């Protein structure tokens, strides 16, 4: 699974609008998709990054992109975490879907799965409206991702796509 190749389809139960709901990749066609991987729920570390994406979701919606958080934890554990306040280390309200990959099929398709640990690496993927992979970021567990950069990259791809790659020196 590499850049310029059709991104692996994915589906499963995710927490949406405070309720567990089935989501599918084909539900979002004509829009960019950002697949966001994080290792595990209920970690002692404050989950500032994912919250950052959820809060700044409107910006993504405006860019016609769907952000989807995903982990190898059950959707029930996800929902529990959603109902846990942010002050307590919970997620609080999440304006983006949080998807369960208990099967671990997704993290393996996206090649971010640590078989040994049963957890996903800190990976991020950008998929155009055609469903092709345009970008991949993979961070080792200690390091999070900046939202501004992701937005920059998405805007960049949209611009290049509508304005075929120009500006010579």
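Numbering follows the first chain given and starts at 1.
- Higher mean CA temperature factor, per the PDB entry, when comparing 40-48 with 118-126: 40-48.
- A summary of the deposited B-factors shows that, of 105-113 and 22-30, the stretch with the larger mean C-alpha value is 22-30.
- Per-chain ranking of the deposited C-alpha B factor places residue 16 in the highest third.
- In the PDB entry, a CA B factor belonging to the lowest third of its chain's modelled residues is recorded for residue 71.
- Residue-level temperature factors show residue 64 in the highest third of its chain, judged at the C-alpha atom.
- Sorting the modelled residues of the chain by their CA temperature factor places residue 58 in the highest third.
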